[PDB]
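Containing TSV, N, CA and C atoms: final05.tsv.
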chain	number	residue	atom	x	y	z
W	1	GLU	N	0.82	-1.21	0.00
W	1	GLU	CA	0.00	0.00	0.00
W	1	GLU	C	0.85	1.26	0.00
W	2	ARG	N	1.82	1.35	0.92
W	2	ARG	CA	2.64	2.55	1.04
W	2	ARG	C	3.51	2.78	-0.19
W	3	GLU	N	4.34	1.80	-0.55
W	3	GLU	CA	5.24	1.97	-1.67
W	3	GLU	C	4.52	1.99	-3.01
W	4	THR	N	3.33	1.40	-3.10
W	4	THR	CA	2.57	1.47	-4.33
W	4	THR	C	1.91	2.83	-4.49
W	5	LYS	N	1.46	3.46	-3.40
W	5	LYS	CA	0.97	4.84	-3.50
W	5	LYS	C	2.09	5.78	-3.93
W	6	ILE	N	3.30	5.55	-3.42
W	6	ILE	CA	4.45	6.34	-3.85
W	6	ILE	C	4.76	6.10	-5.34
W	7	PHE	N	4.68	4.85	-5.80
W	7	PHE	CA	5.01	4.60	-7.20
W	7	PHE	C	3.90	5.06	-8.14
W	8	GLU	N	2.65	5.06	-7.68
W	8	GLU	CA	1.57	5.59	-8.51
W	8	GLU	C	1.66	7.10	-8.63
W	9	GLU	N	2.03	7.79	-7.55
W	9	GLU	CA	2.25	9.22	-7.72
W	9	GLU	C	3.58	9.53	-8.38
W	10	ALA	N	4.46	8.54	-8.55
W	10	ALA	CA	5.71	8.78	-9.26
W	10	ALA	C	5.55	8.66	-10.77
W	11	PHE	N	4.65	7.79	-11.23
W	11	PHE	CA	4.42	7.62	-12.66
W	11	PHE	C	3.02	8.06	-13.06
W	12	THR	N	2.59	9.24	-12.60
W	12	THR	CA	1.31	9.79	-13.03
W	12	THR	C	1.32	10.10	-14.53
W	13	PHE	N	2.28	10.91	-14.98
W	13	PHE	CA	2.50	11.28	-16.38
W	13	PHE	C	1.31	11.97	-17.05
W	14	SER	N	0.32	12.41	-16.28
W	14	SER	CA	-0.91	12.98	-16.83
W	14	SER	C	-1.54	13.84	-15.74
W	15	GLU	N	-2.79	14.21	-15.94
W	15	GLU	CA	-3.54	15.00	-14.98
W	15	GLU	C	-4.62	14.20	-14.27
W	16	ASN	N	-5.23	13.23	-14.96
W	16	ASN	CA	-6.39	12.53	-14.43
W	16	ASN	C	-6.00	11.58	-13.30
W	17	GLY	N	-5.17	10.59	-13.60
W	17	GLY	CA	-4.75	9.65	-12.58
W	17	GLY	C	-3.99	8.49	-13.19
W	18	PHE	N	-3.79	7.46	-12.37
W	18	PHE	CA	-3.05	6.27	-12.77
W	18	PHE	C	-3.94	5.26	-13.48
W	19	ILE	N	-5.25	5.47	-13.46
W	19	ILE	CA	-6.21	4.54	-14.05
W	19	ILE	C	-6.79	5.06	-15.35
W	20	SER	N	-6.45	6.28	-15.75
W	20	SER	CA	-7.02	6.90	-16.94
W	20	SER	C	-6.52	6.20	-18.20
W	21	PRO	N	-7.30	6.22	-19.29
W	21	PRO	CA	-6.84	5.57	-20.53
W	21	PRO	C	-5.64	6.24	-21.18
W	22	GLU	N	-5.40	7.52	-20.91
W	22	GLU	CA	-4.21	8.18	-21.44
W	22	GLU	C	-2.96	7.71	-20.70
W	23	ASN	N	-3.04	7.57	-19.37
W	23	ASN	CA	-1.90	7.06	-18.62
W	23	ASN	C	-1.70	5.58	-18.90
W	24	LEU	N	-2.79	4.84	-19.09
W	24	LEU	CA	-2.66	3.43	-19.44
W	24	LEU	C	-2.12	3.27	-20.86
W	25	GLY	N	-2.34	4.27	-21.71
W	25	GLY	CA	-1.71	4.25	-23.01
W	25	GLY	C	-0.22	4.55	-22.95
W	26	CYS	N	0.18	5.49	-22.09
W	26	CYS	CA	1.58	5.88	-22.08
W	26	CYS	C	2.43	4.88	-21.29
W	27	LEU	N	1.84	4.19	-20.32
W	27	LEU	CA	2.55	3.13	-19.61
W	27	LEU	C	2.79	1.93	-20.51
W	28	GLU	N	1.91	1.74	-21.49
W	28	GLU	CA	1.95	0.60	-22.40
W	28	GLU	C	3.23	0.62	-23.23
W	29	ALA	N	3.62	1.81	-23.68
W	29	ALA	CA	4.85	1.94	-24.45
W	29	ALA	C	6.08	1.70	-23.58
W	30	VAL	N	6.01	2.07	-22.30
W	30	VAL	CA	7.16	1.86	-21.42
W	30	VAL	C	7.32	0.39	-21.08
W	31	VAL	N	6.20	-0.31	-20.86
W	31	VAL	CA	6.25	-1.75	-20.61
W	31	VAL	C	6.70	-2.50	-21.86
W	32	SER	N	6.28	-2.03	-23.04
W	32	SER	CA	6.74	-2.64	-24.29
W	32	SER	C	8.23	-2.39	-24.51
W	33	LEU	N	8.68	-1.19	-24.15
W	33	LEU	CA	10.08	-0.82	-24.33
W	33	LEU	C	11.01	-1.63	-23.45
W	34	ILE	N	10.66	-1.75	-22.17
W	34	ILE	CA	11.47	-2.49	-21.22
W	34	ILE	C	11.78	-3.90	-21.70
W	35	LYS	N	10.75	-4.64	-22.07
W	35	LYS	CA	10.92	-6.00	-22.54
W	35	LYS	C	11.39	-6.03	-23.99
W	36	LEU	N	11.12	-4.94	-24.70
W	36	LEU	CA	11.50	-4.84	-26.11
W	36	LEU	C	13.00	-4.65	-26.30
W	37	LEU	N	13.75	-4.61	-25.20
W	37	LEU	CA	15.20	-4.43	-25.30
W	37	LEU	C	15.91	-5.39	-24.34
W	38	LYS	N	17.20	-5.14	-24.15
W	38	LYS	CA	18.03	-5.93	-23.26
W	38	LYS	C	17.54	-5.81	-21.82
W	39	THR	N	17.50	-6.94	-21.13
W	39	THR	CA	16.94	-7.02	-19.79
W	39	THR	C	17.89	-6.35	-18.81
W	40	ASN	N	17.57	-5.12	-18.42
W	40	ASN	CA	18.32	-4.35	-17.46
W	40	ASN	C	17.71	-4.54	-16.07
W	41	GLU	N	18.52	-4.31	-15.04
W	41	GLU	CA	18.02	-4.35	-13.67
W	41	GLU	C	17.02	-3.22	-13.41
W	42	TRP	N	17.33	-2.01	-13.88
W	42	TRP	CA	16.41	-0.89	-13.68
W	42	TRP	C	15.15	-1.08	-14.51
W	43	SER	N	15.30	-1.60	-15.72
W	43	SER	CA	14.16	-1.84	-16.60
W	43	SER	C	13.23	-2.90	-16.02
W	44	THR	N	13.80	-3.96	-15.44
W	44	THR	CA	12.94	-4.99	-14.88
W	44	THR	C	12.34	-4.56	-13.55
W	45	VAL	N	13.00	-3.66	-12.81
W	45	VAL	CA	12.37	-3.10	-11.61
W	45	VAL	C	11.17	-2.24	-11.98
W	46	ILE	N	11.31	-1.40	-13.01
W	46	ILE	CA	10.19	-0.59	-13.49
W	46	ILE	C	9.07	-1.47	-14.02
W	47	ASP	N	9.42	-2.55	-14.72
W	47	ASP	CA	8.43	-3.49	-15.25
W	47	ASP	C	7.65	-4.18	-14.13
W	48	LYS	N	8.35	-4.71	-13.13
W	48	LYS	CA	7.67	-5.40	-12.04
W	48	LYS	C	6.85	-4.44	-11.19
W	49	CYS	N	7.30	-3.20	-11.04
W	49	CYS	CA	6.53	-2.26	-10.22
W	49	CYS	C	5.26	-1.80	-10.93
W	50	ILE	N	5.33	-1.56	-12.25
W	50	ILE	CA	4.12	-1.25	-13.01
W	50	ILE	C	3.17	-2.44	-13.02
W	51	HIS	N	3.74	-3.65	-13.02
W	51	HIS	CA	2.92	-4.86	-12.96
W	51	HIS	C	2.20	-5.00	-11.62
W	52	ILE	N	2.90	-4.73	-10.51
W	52	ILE	CA	2.28	-4.77	-9.18
W	52	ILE	C	1.20	-3.71	-9.06
W	53	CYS	N	1.46	-2.50	-9.57
W	53	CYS	CA	0.46	-1.43	-9.52
W	53	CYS	C	-0.77	-1.76	-10.33
W	54	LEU	N	-0.61	-2.37	-11.50
W	54	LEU	CA	-1.80	-2.75	-12.25
W	54	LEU	C	-2.49	-3.98	-11.68
W	55	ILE	N	-1.80	-4.81	-10.90
W	55	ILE	CA	-2.49	-5.87	-10.18
W	55	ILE	C	-3.34	-5.28	-9.05
W	56	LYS	N	-2.81	-4.26	-8.36
W	56	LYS	CA	-3.50	-3.72	-7.19
W	56	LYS	C	-4.80	-3.03	-7.58
W	57	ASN	N	-4.77	-2.25	-8.66
W	57	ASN	CA	-5.96	-1.52	-9.08
W	57	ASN	C	-6.95	-2.38	-9.84
W	58	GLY	N	-6.63	-3.64	-10.10
W	58	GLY	CA	-7.55	-4.51	-10.79
W	58	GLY	C	-7.47	-4.45	-12.30
W	59	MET	N	-6.29	-4.16	-12.85
W	59	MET	CA	-6.10	-4.09	-14.29
W	59	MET	C	-5.00	-5.03	-14.76
W	60	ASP	N	-4.92	-6.23	-14.17
W	60	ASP	CA	-3.88	-7.18	-14.56
W	60	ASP	C	-4.11	-7.72	-15.96
W	61	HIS	N	-5.38	-7.93	-16.33
W	61	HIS	CA	-5.71	-8.39	-17.68
W	61	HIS	C	-5.34	-7.33	-18.71
W	62	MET	N	-5.44	-6.06	-18.34
W	62	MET	CA	-5.05	-5.00	-19.26
W	62	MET	C	-3.53	-4.91	-19.35
W	63	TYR	N	-2.82	-5.31	-18.29
W	63	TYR	CA	-1.37	-5.42	-18.37
W	63	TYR	C	-0.96	-6.54	-19.30
W	64	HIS	N	-1.62	-7.69	-19.20
W	64	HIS	CA	-1.23	-8.83	-20.03
W	64	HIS	C	-1.79	-8.70	-21.44
W	65	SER	N	-2.62	-7.68	-21.68
W	65	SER	CA	-3.03	-7.35	-23.04
W	65	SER	C	-2.14	-6.28	-23.65
W	66	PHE	N	-0.97	-6.03	-23.07
W	66	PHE	CA	-0.07	-5.03	-23.62
W	66	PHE	C	0.64	-5.52	-24.87
W	67	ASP	N	0.93	-4.57	-25.76
W	67	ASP	CA	1.76	-4.76	-26.93
W	67	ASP	C	2.27	-3.37	-27.30
W	68	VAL	N	3.01	-3.26	-28.39
W	68	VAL	CA	3.34	-1.92	-28.87
W	68	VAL	C	2.08	-1.29	-29.46
W	69	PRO	N	1.88	0.01	-29.32
W	69	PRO	CA	0.67	0.64	-29.86
W	69	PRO	C	0.71	0.72	-31.38
W	70	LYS	N	-0.43	1.13	-31.95
W	70	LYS	CA	-0.51	1.31	-33.39
W	70	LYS	C	0.23	2.55	-33.87
W	71	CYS	N	0.64	3.44	-32.97
W	71	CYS	CA	1.40	4.63	-33.34
W	71	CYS	C	2.90	4.38	-33.26
W	72	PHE	N	3.32	3.12	-33.32
W	72	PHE	CA	4.73	2.79	-33.44
W	72	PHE	C	4.99	1.69	-34.45
W	73	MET	N	3.96	1.19	-35.12
W	73	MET	CA	4.10	0.27	-36.24
W	73	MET	C	4.01	1.03	-37.55
W	74	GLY	N	4.56	0.43	-38.60
W	74	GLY	CA	4.36	0.93	-39.94
W	74	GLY	C	3.30	0.11	-40.65
W	75	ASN	N	3.24	-1.17	-40.32
W	75	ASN	CA	2.28	-2.11	-40.87
W	75	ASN	C	1.81	-3.00	-39.73
W	76	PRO	N	0.58	-3.54	-39.80
W	76	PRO	CA	0.11	-4.40	-38.69
W	76	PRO	C	0.86	-5.71	-38.57
W	77	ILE	N	0.97	-6.47	-39.66
W	77	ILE	CA	1.63	-7.77	-39.59
W	77	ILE	C	3.14	-7.60	-39.60
W	78	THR	N	3.64	-6.71	-40.46
W	78	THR	CA	5.07	-6.42	-40.54
W	78	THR	C	5.45	-5.61	-39.31
W	79	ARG	N	6.01	-6.31	-38.32
W	79	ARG	CA	6.37	-5.69	-37.05
W	79	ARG	C	7.57	-4.77	-37.21
W	80	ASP	N	7.31	-3.47	-37.33
W	80	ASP	CA	8.35	-2.47	-37.51
W	80	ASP	C	8.30	-1.49	-36.35
W	81	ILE	N	9.47	-1.06	-35.89
W	81	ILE	CA	9.59	-0.24	-34.69
W	81	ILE	C	10.10	1.14	-35.10
W	82	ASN	N	9.22	2.13	-35.05
W	82	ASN	CA	9.56	3.51	-35.42
W	82	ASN	C	10.41	4.09	-34.30
W	83	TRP	N	11.73	3.91	-34.44
W	83	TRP	CA	12.65	4.23	-33.36
W	83	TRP	C	12.79	5.73	-33.14
W	84	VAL	N	12.64	6.53	-34.20
W	84	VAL	CA	12.77	7.98	-34.06
W	84	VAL	C	11.61	8.55	-33.27
W	85	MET	N	10.39	8.11	-33.59
W	85	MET	CA	9.21	8.52	-32.85
W	85	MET	C	9.24	7.96	-31.43
W	86	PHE	N	9.85	6.79	-31.25
W	86	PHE	CA	9.93	6.20	-29.92
W	86	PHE	C	10.94	6.95	-29.06
W	87	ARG	N	12.03	7.41	-29.68
W	87	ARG	CA	13.01	8.26	-29.01
W	87	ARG	C	12.40	9.61	-28.64
W	88	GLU	N	11.52	10.12	-29.51
W	88	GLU	CA	10.80	11.35	-29.19
W	88	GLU	C	9.84	11.14	-28.03
W	89	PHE	N	9.25	9.94	-27.94
W	89	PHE	CA	8.39	9.59	-26.81
W	89	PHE	C	9.16	9.55	-25.50
W	90	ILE	N	10.32	8.89	-25.51
W	90	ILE	CA	11.11	8.77	-24.28
W	90	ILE	C	11.70	10.12	-23.89
W	91	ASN	N	12.07	10.92	-24.89
W	91	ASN	CA	12.68	12.22	-24.62
W	91	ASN	C	11.64	13.20	-24.07
W	92	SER	N	10.38	13.03	-24.44
W	92	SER	CA	9.30	13.90	-23.96
W	92	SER	C	8.51	13.28	-22.82
W	93	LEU	N	9.13	12.39	-22.04
W	93	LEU	CA	8.43	11.73	-20.95
W	93	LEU	C	8.61	12.53	-19.68
W	94	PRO	N	7.54	13.07	-19.10
W	94	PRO	CA	7.68	13.96	-17.92
W	94	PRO	C	7.97	13.19	-16.63
W	95	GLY	N	9.23	12.78	-16.48
W	95	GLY	CA	9.63	12.07	-15.28
W	95	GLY	C	9.68	12.99	-14.08
W	96	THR	N	9.13	12.51	-12.96
W	96	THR	CA	8.95	13.34	-11.79
W	96	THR	C	10.25	13.48	-11.01
W	97	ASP	N	10.17	14.20	-9.89
W	97	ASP	CA	11.33	14.57	-9.09
W	97	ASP	C	11.37	13.93	-7.71
W	98	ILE	N	10.34	13.19	-7.32
W	98	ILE	CA	10.22	12.67	-5.96
W	98	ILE	C	11.15	11.47	-5.81
W	99	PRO	N	11.96	11.42	-4.75
W	99	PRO	CA	12.78	10.23	-4.49
W	99	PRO	C	11.91	9.05	-4.10
W	100	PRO	N	12.37	7.81	-4.34
W	100	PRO	CA	13.61	7.43	-5.01
W	100	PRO	C	13.41	7.06	-6.46
W	101	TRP	N	12.33	7.54	-7.08
W	101	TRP	CA	12.02	7.13	-8.44
W	101	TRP	C	12.51	8.13	-9.48
W	102	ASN	N	12.96	9.31	-9.07
W	102	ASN	CA	13.51	10.27	-10.02
W	102	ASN	C	14.86	9.80	-10.56
W	103	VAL	N	15.72	9.30	-9.67
W	103	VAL	CA	17.04	8.80	-10.06
W	103	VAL	C	16.89	7.57	-10.95
W	104	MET	N	15.98	6.67	-10.58
W	104	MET	CA	15.79	5.44	-11.33
W	104	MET	C	15.14	5.71	-12.68
W	105	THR	N	14.18	6.64	-12.72
W	105	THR	CA	13.54	7.03	-13.97
W	105	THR	C	14.54	7.69	-14.91
W	106	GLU	N	15.40	8.54	-14.36
W	106	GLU	CA	16.38	9.26	-15.17
W	106	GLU	C	17.44	8.31	-15.71
W	107	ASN	N	17.88	7.34	-14.89
W	107	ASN	CA	18.86	6.37	-15.36
W	107	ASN	C	18.26	5.41	-16.37
W	108	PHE	N	16.98	5.05	-16.19
W	108	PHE	CA	16.26	4.26	-17.17
W	108	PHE	C	16.20	4.96	-18.51
W	109	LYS	N	15.85	6.25	-18.50
W	109	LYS	CA	15.77	7.03	-19.73
W	109	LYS	C	17.13	7.16	-20.40
W	110	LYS	N	18.18	7.38	-19.60
W	110	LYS	CA	19.53	7.48	-20.14
W	110	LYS	C	19.98	6.19	-20.79
W	111	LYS	N	19.72	5.04	-20.16
W	111	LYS	CA	20.23	3.80	-20.73
W	111	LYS	C	19.39	3.36	-21.92
W	112	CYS	N	18.11	3.74	-21.95
W	112	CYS	CA	17.30	3.43	-23.13
W	112	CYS	C	17.74	4.26	-24.33
W	113	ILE	N	17.98	5.56	-24.12
W	113	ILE	CA	18.48	6.44	-25.18
W	113	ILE	C	19.87	5.99	-25.62
W	114	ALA	N	20.70	5.57	-24.66
W	114	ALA	CA	22.05	5.12	-24.99
W	114	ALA	C	22.03	3.80	-25.75
W	115	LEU	N	21.11	2.91	-25.42
W	115	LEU	CA	21.07	1.62	-26.08
W	115	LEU	C	20.49	1.74	-27.49
W	116	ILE	N	19.52	2.65	-27.68
W	116	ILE	CA	19.05	2.87	-29.04
W	116	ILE	C	20.05	3.68	-29.86
W	117	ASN	N	20.90	4.49	-29.22
W	117	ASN	CA	22.02	5.08	-29.96
W	117	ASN	C	23.05	4.03	-30.33
W	118	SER	N	23.25	3.03	-29.46
W	118	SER	CA	24.25	2.01	-29.72
W	118	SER	C	23.77	1.00	-30.75
W	119	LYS	N	22.45	0.90	-30.96
W	119	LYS	CA	21.98	0.05	-32.04
W	119	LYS	C	22.29	0.65	-33.40
W	120	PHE	N	22.00	1.94	-33.58
W	120	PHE	CA	22.34	2.63	-34.82
W	120	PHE	C	23.83	2.94	-34.88
W	121	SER	N	4.09	14.45	-24.51
W	121	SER	CA	3.31	15.64	-24.85
W	121	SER	C	2.15	15.28	-25.76
W	122	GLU	N	2.42	15.24	-27.07
W	122	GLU	CA	1.41	14.86	-28.04
W	122	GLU	C	1.14	13.36	-28.05
W	123	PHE	N	2.09	12.56	-27.55
W	123	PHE	CA	1.95	11.11	-27.52
W	123	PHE	C	0.82	10.68	-26.59
W	124	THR	N	0.77	11.27	-25.40
W	124	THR	CA	-0.28	10.94	-24.44
W	124	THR	C	-1.62	11.53	-24.87
W	125	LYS	N	-1.60	12.63	-25.63
W	125	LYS	CA	-2.83	13.18	-26.18
W	125	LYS	C	-3.36	12.30	-27.31
W	126	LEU	N	-2.45	11.59	-27.99
W	126	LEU	CA	-2.87	10.65	-29.02
W	126	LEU	C	-3.42	9.37	-28.40
W	127	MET	N	-2.58	8.67	-27.64
W	127	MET	CA	-3.00	7.41	-27.02
W	127	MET	C	-3.60	7.64	-25.64
I'd like the structure from this file rewritten - as structure tokens, please.
Amino acid sequence: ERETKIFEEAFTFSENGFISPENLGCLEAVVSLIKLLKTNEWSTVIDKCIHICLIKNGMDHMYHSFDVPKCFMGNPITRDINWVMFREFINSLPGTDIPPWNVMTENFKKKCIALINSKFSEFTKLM
């Protein structure tokens, strides 16, 4: 209860709440991203914590119905990952300042941007 209330207010990313369809849309890309890349310790901590939070609020089926959204594919069957738009999504992610999730969120964002470099706002209003 205590640490989940802290983590829900740490990943609001919107105005309505942690249960709104816009926040559930923007969390979907982060859960897809975490598993969509190399299994990091910070990435799997963020994944398990979002999973615990969606179990608590009664949205576990909506967690297990996650995939990449339609605003990151080029074709439905041809699984293509629009990395430039995804980098714009991660770069425009309003990560909060409250400890201890600000440091972890910032390091998560840095290693995701760094790993997509090593391979080579409007988003939440859309989804």
> Excluding same-chain residues fewer than 3 positions from region 26-42 of chain W, what lies within 8 Å of it counting only C-alpha atoms, as a list in words?
Replying inline: residues 13, 22, 23, 45, 46, 47, 50, 63, 66, 67, 68, 69, 104, 107, 108, 123, 124 and 127 of chain W
> Quick one: DSSP alpha helix (DSSP H) residues in chain W, as number ranges by chain?
Replying inline: W: 2-10, 21-35, 41-56, 60-64, 83-91, 101-119, 122-126
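Taking atom N of residue 49 (chain W) and CA of residue 7 (chain W) as endpoints, the distance between them is 9.0 Å.
As for CA of residue 70 (chain W) and CA of residue 8 (chain W), they are spaced 25.3 Å apart.
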>> I need the residue nearest residue 101 (chain W) from this list: W:20, W:115, W:78, W:10. Use only N, CA and C atoms for the distance.
In response: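 Result for the nearest residue to residue 101 (chain W): W:10.
Among the candidates W:73, W:126, W:112, W:52, the residue lying nearest to residue 90 (chain W) is W:112 (atoms considered: only C-alpha atoms).
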> What gap, in Å, lies between CA of residue 53 (chain W) and CA of residue 93 (chain W)?
Replying inline: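 Going from CA of residue 53 (chain W) over to CA of residue 93 (chain W), I get 19.2 Å.
Each of W:11, W:77, W:91, W:86 was compared to residue 109 (chain W) using only N, CA and C atoms, and W:91 turns out to be the nearest.
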